[PDB]
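Before any comments, here is the structure.
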C-alpha cells in the first residue's frame, strides 16, 4: 500500500504545515501537524476543555462507530517551545492520503496549552519520530508510520515541504519525479528516539564550505534551523545590521537586507537553503526588524534541522530495520 497527502503552510511565513487526516467512521477530517520530532498522534476533541478550544476542528469519538476507549491509558506531552497537551486515548481507523491504519491510537486532548488554543489552524499533531518516544501510559503506543510499515510497498515516508507553497507527504514510495539529481543517504541514530544524523558541514552564501560534523535531528515539527552558536554567528556576520537580541529571543536583521543562502552537507552532497527561506518577517507588525530563520541551538541541547532546512530538500525517512535519512535537492 501507499499514501500521498498534500501539506499546506498555516500562514504566510511557513510557521508550520498542516495535512488532512481522516479519523473514524464516518470519517472526521482534521488538519494535523506532521511532526518527525515527536511520536504522539493527538487531536482536539469533544473532551477538550471548552475554554481551550478556539476555532479548531474536533474529533468526537462518540460519533465514530470504530472508536474504542483504550481503557486506563493517558498521555501527556511537552514540546521544545514549551507548549503541552494531555488527555486519554481511543483506538480508531486513521487514513492519510489513501493509506489506512486500523487500531491506531488517537490521543484525545482534555487539556492543551495556550499556544495550541491560539492557533486555530492546527487540530492536532501526528508524530513520526520513533515509537519509543510515545507518551501513552501505561502501555506505550505505536506511531501511524510504525503501524502502517509492514503494509507499505517500501518502509519509508518522504517529506517534500514547500516554500510559501503546498508540498507533499508520501508513504510507502519514493516519487522519483519530485527531486533533481540523486538522493544521498546518511546514517541515523535512534538512541534518543529522533531521526538523528550528522551533517558534514556548512557554507554561508558563496563562501567556502567548512567541513565539520554537526549532529542534529530532522524535525518537520520545528519551524526554524537551530545550529551551534559558532555556525549561526558566522551566518549572521554576513548580514549588515544583524544582531542577537536577548529581548526578542534570537537573531534579528534589518528587513531591508538581502539574505545570503546557507548550505548544509549531507555526506559529499550539498543542500542549499536560499536566503529568502531564512526571512521570518517583522518581529512585530509594522517593525523594520525581521526575525531570522537560523538561530542558535545553545541551551536547547540539540541541533534541529527544522522546516527552514527540510523545505530546501526532498527528504526520505527510511524506516528499514536500520533506519537512514536521504536528502535530495529539488
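Numbering of chain A is taken from Swiss-Prot, so the residues present carry the numbers 90-419, in order.
Cβ atoms here come from the backbone N, Cα and C positions, even for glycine.
As recorded in Swiss-Prot, the features of this protein are as follows:
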- 124: active site (ACT_SITE)
- 288: active site (ACT_SITE)
- 344-379: disulfide bond (DISULFID)
- 106-417: domain 'Peptidase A1' (DOMAIN)
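On the structure: features taken from Swiss-Prot.
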{"residue": "124", "record": "active site", "DSSP class": "strand"}
{"residue": "288", "record": "active site", "DSSP class": "strand"}
{"residue": "344", "record": "disulfide bond", "DSSP class": "coil"}
{"residue": "379", "record": "disulfide bond", "DSSP class": "strand"}
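A separation of roughly 30 Å, to the nearest angstrom, links the Cα atoms of residue 344 (disulfide bond) and residue 288 (active site). Annotation for residue 288 (active site): same-chain Cβ neighbours under 8 Å, separated by at least 6 residues, are 302, 303, 304, 305, 353, 354, 355, 394. Long-range Cβ contacts of residue 124 (active site) within its own chain (separation 6+, distance under 8 Å): 214, 215, 216, 217, 218, 308, 309, 310. Here the disulfide-bonded residues are 344, 379, and the one with the most other Cβ atoms within 10 Å of its Cβ is 379.
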